[PDB]
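S.K.: begin with these chain(s), straight out of the complex:
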Amino acid sequence: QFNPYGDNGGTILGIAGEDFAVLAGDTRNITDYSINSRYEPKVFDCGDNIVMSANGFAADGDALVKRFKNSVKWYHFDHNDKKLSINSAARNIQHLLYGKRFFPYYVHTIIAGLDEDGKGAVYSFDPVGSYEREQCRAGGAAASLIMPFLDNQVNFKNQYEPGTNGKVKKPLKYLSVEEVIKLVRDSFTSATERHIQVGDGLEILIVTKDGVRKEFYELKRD
Amino acid sequence: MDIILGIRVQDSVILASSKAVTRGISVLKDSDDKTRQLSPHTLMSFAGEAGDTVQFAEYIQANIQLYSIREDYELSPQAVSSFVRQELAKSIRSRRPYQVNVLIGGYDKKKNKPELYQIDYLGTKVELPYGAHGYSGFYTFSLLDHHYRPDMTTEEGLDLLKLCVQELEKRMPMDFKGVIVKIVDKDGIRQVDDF
Amino acid sequence: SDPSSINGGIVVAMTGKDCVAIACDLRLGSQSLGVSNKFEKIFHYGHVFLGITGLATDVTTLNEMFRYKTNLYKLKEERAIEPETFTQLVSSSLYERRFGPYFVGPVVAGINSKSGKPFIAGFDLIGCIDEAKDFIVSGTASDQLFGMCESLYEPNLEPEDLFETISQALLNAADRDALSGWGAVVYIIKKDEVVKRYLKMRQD
Amino acid sequence: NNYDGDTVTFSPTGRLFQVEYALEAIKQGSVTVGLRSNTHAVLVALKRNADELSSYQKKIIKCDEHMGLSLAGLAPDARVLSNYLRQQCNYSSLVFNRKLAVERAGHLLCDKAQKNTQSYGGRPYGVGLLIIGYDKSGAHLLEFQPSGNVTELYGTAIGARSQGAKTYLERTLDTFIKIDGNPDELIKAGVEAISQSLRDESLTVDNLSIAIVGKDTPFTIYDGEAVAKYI
Amino acid sequence: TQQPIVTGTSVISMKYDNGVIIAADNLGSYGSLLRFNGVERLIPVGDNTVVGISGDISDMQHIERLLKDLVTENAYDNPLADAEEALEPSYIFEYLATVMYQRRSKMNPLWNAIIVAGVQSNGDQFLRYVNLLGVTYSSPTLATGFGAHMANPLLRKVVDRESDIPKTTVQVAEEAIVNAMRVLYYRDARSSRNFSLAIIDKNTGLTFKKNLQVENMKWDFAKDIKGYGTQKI
Amino acid sequence: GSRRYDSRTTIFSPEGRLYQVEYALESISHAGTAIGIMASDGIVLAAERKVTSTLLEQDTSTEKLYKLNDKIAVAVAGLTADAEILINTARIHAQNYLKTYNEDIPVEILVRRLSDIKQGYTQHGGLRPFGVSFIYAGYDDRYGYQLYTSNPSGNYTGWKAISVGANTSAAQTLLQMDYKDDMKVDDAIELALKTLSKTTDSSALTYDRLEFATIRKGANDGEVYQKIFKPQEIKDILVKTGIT
Amino acid sequence: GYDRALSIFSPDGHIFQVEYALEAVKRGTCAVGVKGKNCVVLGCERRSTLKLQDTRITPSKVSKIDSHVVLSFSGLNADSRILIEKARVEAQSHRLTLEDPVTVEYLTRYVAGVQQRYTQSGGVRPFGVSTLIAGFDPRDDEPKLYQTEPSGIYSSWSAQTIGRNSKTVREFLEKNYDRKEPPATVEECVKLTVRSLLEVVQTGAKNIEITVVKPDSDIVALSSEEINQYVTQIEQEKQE
Amino acid sequence: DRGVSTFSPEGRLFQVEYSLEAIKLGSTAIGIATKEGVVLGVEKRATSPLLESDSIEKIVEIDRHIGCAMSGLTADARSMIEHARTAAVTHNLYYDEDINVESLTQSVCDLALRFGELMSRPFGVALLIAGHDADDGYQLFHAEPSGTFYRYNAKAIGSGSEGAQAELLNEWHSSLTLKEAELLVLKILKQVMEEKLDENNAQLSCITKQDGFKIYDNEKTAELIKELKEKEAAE
Amino acid sequence: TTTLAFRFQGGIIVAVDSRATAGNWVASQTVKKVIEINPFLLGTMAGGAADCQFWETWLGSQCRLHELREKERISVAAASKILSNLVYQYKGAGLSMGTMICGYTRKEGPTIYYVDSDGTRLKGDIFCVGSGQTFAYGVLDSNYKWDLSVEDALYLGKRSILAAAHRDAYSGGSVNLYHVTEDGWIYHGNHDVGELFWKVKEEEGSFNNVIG
């Protein structure tokens, strides 16, 4: 029987700073045990300082990103070139995803940018449009490897102040863009080592008030 | 849903309906009224699939209430039962049938006679002296075959009903948290508060 | 979950000398559980009699449907429908629902008012007509009824004799079926009088 | 007279009066000017107000990053036709990853307007449009009329006293066509053109509406203090 | 929901300094039966694009008609149909990509893997893949079926990343493709010796080569293979 | 377009009247007179056939009096063809009710639904109304014996005695003169014929120009019988009252 | 389907079909609504050119929409039946979804909405009917009286009349009804309603219908003798 | 007769031009936009003294940040309001934000021309749509049955409109306080109203960023009417 | 998941956990399972995250349109029935929702309605919904009285989620507390089970099964 879904592998990672946000994703595209591309970007600038990735089944991923980009275009037309806020984008994507509740988009969606107060924001979605704002989210094949590391290093979980008898927690604080990119690079090198569907390249899109900057780093190609 | 009984006696119809609403391994409620008044002298108890039961009961209630206003006249219990049966008879060959079984207890003011109608989800209607739905019947029918008499009073009918509930509480596997009892007669519908 | 054997029940029709007989049990059950011992399966529209076995909701629905149709027939034709014509109406109606059928085994019986000829007919569930001189059988004890009728029946029985033959045919067949019995009704039909008798039978 | 009841009826001389009456709605509309060089295309629109308390009716609509029009006549009809162009431009992008040619845009508007002139019940569109755009064959200016006739021009004007600007552009043709790689000078020529269609009133800051598209310029509209430069 | 009947096997392709090469054998298989031997699976669109199709041949012939019709439609009311407003590889791909994904989303797919090889108007090399699921990806080397398993490894030894494309000549690139076709003939049980090859160069244009044959095959070593273990004679 | 040829059948006059309803009533006023008289123990339906020809088959004919079910009959005034459309609809509505509730339809419910259909043709659809007036004679166990009339407007009212068609003005004056509440069926039969005899446009009232029907409880014990009179039975009842 | 726009604007800005529908209302028998301190009363004229009527079975002028709301009307009788039927269905539909009977305002707003729809729907003429809708909101003792008309406008009235010679009885109510002190009792409210109809009717025999609505679904129609007592009392006080 | 969607020789839609005549017959409605808020006021115009004037609802809430006043065949406005309310709530569901006053007005105006041979005739009612959004601040819009809408600093519609508009021309300046605007609406209403202005035959409302859209009580309006009369006598 | 709502003298208490799972994988511990429809209406979520979140947000839109149209805050009964009638239209399609509509109105008083995706709608004084409902019932039922103080009721609601958070593998993260009065709902904070467990264990002297 014809199976309409497939798995194109790869993994994505969104972290939110004080006055910035990053959305990173590996550039490997696979089917079964074959590499399709060593460089196929799946983290996109959608305009209005929103970056988006829909990891999983690449066909559904591209369809969704395409539809949201188009949604941004018509928002401008219908509402006098008003800037689409990240919170408004998030709700719009819920409606896109849930629209196919009974034939879902087989993707995990993450968007990043700045909220209306100018502070870093990350929103993550299930395949049928349940969404939540977070400081931190990994998505895709190696999400189970990266996420518990982020819990430990970003949100400082299970870490107690030395000599306080495990009574005082390590205090939460915003990370610098330099410190966040270190964690992204170490998350992806670690993921590449232990997951076969992750590697080839890492592409990071950094969002500040000044706009969207890109950074690229090599990953192991085995 | 599970236990719904009905006993037609000389001058009234008595409907007993279990109070338990169970989902999974949790009794969510122990005071549920599995009945709707269709008209002043017609009462319908219902049991079956979750959601369908109340949705069907309230839909019938609305239609009978609409007829009552339009004609300024109460439909006979026979007429209401025939209407309800046809709705279920339509339902069974629908895309998603109502999985609801009902008893209709009514007092015909023109005939001055109590009437009990047993209708399953297929649209199988029967007039009975006593009726039951689900596993309840497997105990109550043989018991009523023995103890029932057609000329009994309402008080005798309630004692005969207590005998059924006692037998069900003894031999039924599931805890149905007792029953709400309602009497339909010439004076309309009233609820027995202590059972 | 076999629609034709949930409720259970039987109908049998026979022809005699200038007369027909149609008989049915009174049981309505839900598989093992007996529910009603008053469920009659024989109806009539003027002088034309229809017995219906099978799923009881469809027995009720078809009775209501043929009453509806025979009533409009009488208003437009200004006369009562005849057995031969009604037989065709039943067949048309059943085959209309060819790919979603009524789970029923209908049996027409009556005397043509013009010719005075005794007439009986049976149908399958999709509406195929089974015309017979001797007898028609239907229901959960059809095998038993076939065996009883084929041995007991003889042609040109008088109404009083035909009554004994059809009654013994139904009773002995019903006692060898779990889902049939719980009382019986026999219609003896002459040109211009009809006698309806309730039989005494074992109540198990 | 007897042949102006609906669009489905020809006159004895072979005229469609309902189409001609729709054409009349444009003449009543406020003046708007279109002109282009080889690098840029410019729309200049005189906006109209109900009174001194009212806003000035917005004449210019964006269709894509590389295309947009100005309107003269029934604004709701312009909204319907502009919305249709946005969809056709958008269909070309999503399906063919291809910017819609300004010429095809015209052909699509022509065919949409035509269907309303041949069917009972419907009515002709009561608006004229000037479509500017920059595509794979350089700068373009189109004039749409609700008869269905679309015409590619170097420059033109539609609305009340449009003949003044149209005569000026006909004289200036040789000058403004060679304003290449200079947005501000092409706009000035457009603002000087629309000035020939003014009577008693002059160009103010909330009165003038300018739009431009070109080689390294997305379709962008200028209103309010942004057009103060050109008065 | 389909099942493919008459099928075509591997389509292989790679970029070089000035353009792209694409190749595909001339076989129409009917399961294990090698039924049709005259089947062209490379279909040129204009003078700047070639579409290589594997999978169901009835669906391939349908896609042929769509592309033929696309050229006709593009010429309508288009004075620049043979110039600035000619069909680009990127336009032709996006159209097919849209169709493939619409068909999978209606649970009635075109049972194909498609590679669109061409050169854009600005001289850029275009090479992109789409299949029955509507999955799209681009890479210096692309292949379908067995080609993905056996051709890609050999082609990637020549052009491993982007920076290797300017260093790769049409001589080297074509040699790699013709070698890959031979390897596929050795090891693919639904391949044929006869194949077609197309070069789309930004200078010399579209060069379409028909009735090529796999040659310089090593079989001699077979004479020295006796039994499966212990047999000596 | 087609607007040019539209009569606009469903519009108001400046005075607030429905043109097509008024003109349909003018049509009915030229139709043969139909009388209904309701007694305490039955209802009479009488109707005058439109100028009969001597070669018309009288016994196997039905122009005026139709049967809706076993308990309800109608007398027609207007276009026979129009009436037969509405009668077939009424007959079905009666069987739909019986199928649903296993009870014969109450007279007023049937009359309301038929009157609601007529109302529709005056408010929407752009079609001409039905050029028909009915006299409904029926019995139900709620109100007993009931006479109604409906007209093209879709308005219906209840009556003790009523006329429709030609010379209703003259007919209604004679009924209003000789009717009383404690009247018997046999008396109502006589009144019905005496009324038609005086209001007829013919020279003399004869059996061949009349349709006649009674709805009595004259059957055996608490059940209603419909009697559509045969030619010979009308001839007998016409001699018995002394009109011929 | 029949599509024609029957209700359209004229040069002077009038919709003649809506204004001609009002002329049908003006032709209709008089209907009056008077709301007291703790009750509403609906009075209705019945023209006396119809003798040999059967008042048992003849449709009554006042209709129950629910057990707590009533609707009287003036204009085309056949049109009124369609509005009453829709209202009765909406009354049950509201109970089914909101688990609460309609407010008089909500039921009025619905009926008014239906009347409006027919004034800008193709193929249909407006309803030749104005309605008086009266009753009490659930668990409320404040009397409610509303009026609708073919155009679809509706509003609340202390007292209002519609139909033929309605301008005469409105003249009467305008000087005889005190806003500061409405009829305190049922008797006072019924009397003022009968008085207002006796300005127009003719005789106070079988020409006047009176329906009294009270809080908590307490609706009763007065008989001939009950109404005749008010007529006899008013005429004796008049001779002064 | 003639088509519903027909053009006159001058190039106007007959049915649209005739609906404008209907709106002139309607009761007066006045809107004034300031930097402190937008004020909406209407003439109620009760046809009889028995009619309970508080049941006359000619000022209406669309959302917390958008109000609406109407003039003409007010029955026609019910479906327009219903659409506006659905549009406003629907936009909030899809985008988790308030909808721009202009975008709401444009949505209502899209209904206007959806008539012909869709509904049978244009609307016989004009709307004053007043609101506030973060982008363009306090706004007043006039929505006609032509499908056109203008933004206004102040606008009068209805029977006394041409007289009231000429008055609004002189009185309006860009530094009006909310309290000044309230009195100005009351002043101009009293001038053009047939019957004498009081709290029972005239209604005031306003929309402010802080408190949203609020219809004033008869008690509140009565104090402003008394404040207005004193100030006019005071010079 | 684990959500409970109960009625008492001082109004309604609503307690939820914050854990979201995808099988045995803990997706999040920072999920809001209570939706604030309006100042007097609360909605609880269990089962499908997308289904609950989408349709309870949509319910909030329908409740807003009701008060615009009827110039009056929607009843808890009407609000609950809009949701129950919606899910009933989708019955058999495979929506997964366990829902409690909690709020106060003048005509009703404090009211709780259980609404689930097979179309069941029940009024009641106590409900626990989710994978850990039985664990919450155990503690809640055994300690519940009508005469509980606002302080004690808030604690019992909190302690009943903690009980489930501990034993149920698919419940935990943090406890979100709400109190519904005649004046509307009041938020009583987010309580991380990380700290709350040890605090309760120490102060209460309970959880003796655990290595202290």
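M.R.: Structure's in. What do you need? Numbering: from 1, shown residues only, chains lettered A, B, ... in the order given.
S.K.: distance of residue I:17 from chain D?
M.R.: 43 Å (C-beta to the nearest C-beta, to the nearest Å). C-beta here means a position set from N, CA and C on the backbone, and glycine is covered the same way.
S.K.: equivalent analysis for residue I:139, please.
M.R.: Noted for residue I:139: a distance of 56 Å to chain D, by C-beta to the nearest C-beta.
S.K.: and for the helix or strand hosting that residue, what's in contact with it?
M.R.: In this assignment (DSSP states H and E), residue I:139 forms part of helix I:133-143. Outside helix I:133-143, the residues that touch it by C-beta atoms under 8 Å, 6 or more residues apart in numbering or on different chains are B:25-26, I:2, I:4, I:6, I:126, I:128, I:130, I:156-157, I:159-161, I:163-164, I:166-168, I:171.
S.K.: rerun at 7 Å
M.R.: Applying C-beta atoms under 7 Å, 6 or more residues apart in numbering or on different chains, the contact partners of helix I:133-143 are B:25-26, I:2, I:4, I:6, I:126, I:128, I:156, I:159-161, I:163-164, I:167-168.
S.K.: do stretch I:197-212 as well
M.R.: Contacts to stretch I:197-212, defined as C-beta under 7 Å, 6+ apart, come from residues I:159, I:162, I:166.
S.K.: give me the buried subset of the residues you listed.
M.R.: Among those, those buried by neighbour count (16 or more other C-beta atoms under 10 Å in any protein chain shown) are I:159, I:162, I:166.
S.K.: next up, the contacts around residue I:97.
M.R.: By C-beta under 7 Å, 6+ apart, residue I:97 lies in contact with I:47-48, I:51-52, I:55, I:87, I:116-117.
S.K.: here is chain J, add it in:
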Amino acid sequence: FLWX
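M.R.: The block that follows adds chain J to the chains above:
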């Protein structure tokens, strides 16, 4: 598919 997230659960709750």
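S.K.: and the contacts of helix I:133-143, now that chain J is in?
M.R.: The contact list for helix I:133-143 (C-beta under 7 Å, 6+ apart) reads B:25-26, I:2, I:4, I:6, I:126, I:128, I:156, I:159-161, I:163-164, I:167-168.
S.K.: quick one, strands of the chain?
M.R.: Because you didn't say which chain, this covers chain A. Taking DSSP state E, the strands of chain A run over residues A:11-16, A:21-26, A:29-31, A:34-37, A:44-45, A:50-56, A:107-114, A:120-125, A:131-134, A:136-140, A:201-208, A:211-218.
S.K.: right idea, wrong chain: chain H
M.R.: Using DSSP E, strands in chain H cover H:29-33, H:38-43, H:59-63, H:66-72, H:125-133, H:137-143, H:149-151, H:154-157, H:202-208, H:212-215.
S.K.: now those in TSV, please, with extra columns for mean neighbour count and distance to residue A:11.
M.R.: Listed next are the strands of chain H as TSV, based on neighbours: other C-beta atoms under 10 Å in any protein chain shown; distance: least, C-beta to C-beta, whole Å:
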stretch	mean neighbour count	distance to residue A:11
strand H:29-33	29	53
strand H:38-43	28	52
strand H:59-63	24	42
strand H:66-72	28	45
strand H:125-133	26	40
strand H:137-143	23	46
strand H:149-151	22	50
strand H:154-157	28	58
strand H:202-208	24	49
strand H:212-215	18	46
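S.K.: of those strands, which is nearest residue B:63?
M.R.: Closest to residue B:63 of the strands of chain H is strand H:59-63 (C-beta to C-beta; 35.6 Å).
S.K.: who are the packing partners of that closest one?
M.R.: Counting contacts by 3 or more C-beta pairs under 7 Å, 6 or more residues apart in numbering or on different chains; DSSP states H and E, strand H:59-63 packs against strand H:66-72, helix H:77-95.
S.K.: attach chain K to the model above:
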Amino acid sequence: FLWX
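M.R.: Okay, chain K now, added to the rest:
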């Protein structure tokens, strides 16, 4: 059903 029946067969022949």
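S.K.: please re-evaluate the contacts of helix I:133-143 in the presence of chain K.
M.R.: If you take C-beta under 7 Å, 6+ apart as the criterion, helix I:133-143 is touched by B:25-26, I:2, I:4, I:6, I:126, I:128, I:156, I:159-161, I:163-164, I:167-168.
S.K.: just stretch A:86-96 next, same as before
M.R.: A:50, A:64, A:67-68, A:71, A:109, A:111, A:113-115, A:121, A:123, A:125, A:129, A:131, H:94-97, I:54.
S.K.: now a PyMOL select for only the buried ones of the residues you listed.
M.R.: For the buried members of these, the matching PyMOL selection, counting by 16+ other C-beta under 10 Å, is:
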select buried, (chain A and resi 50+64+67+68+71+109+111+113+114+121+123+125+129+131) or (chain H and resi 94+95+96+97) or (chain I and resi 54)
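S.K.: how much space separates residue D:140 from chain K?
M.R.: For residue D:140, the distance to chain K (C-beta to the nearest C-beta) stands at 73 Å.
S.K.: ok, residue I:46 next?
M.R.: Residue I:46 is 50 Å from chain K, where distance means C-beta to the nearest C-beta.
S.K.: from residue F:229, how far off is the residue nearest to residue F:72 when sequence neighbours are not counted?
M.R.: Once flanking residues are discounted, residue F:72 sits nearest to residue F:138: 3.5 Å by C-beta to C-beta, 6 or more residues apart in numbering or on different chains. Residue F:138 sits 18 Å away from residue F:229, going by C-beta to C-beta, to the nearest Å.
S.K.: these two: which is more packed in?
M.R.: residue F:138 (27 against 20; other C-beta atoms under 10 Å in any protein chain shown).
S.K.: correct me if wrong: that one contacts residue F:148.
M.R.: No: the criterion here is C-beta atoms under 7 Å, and residue F:138 misses it with residue F:148 at 8.1 Å.
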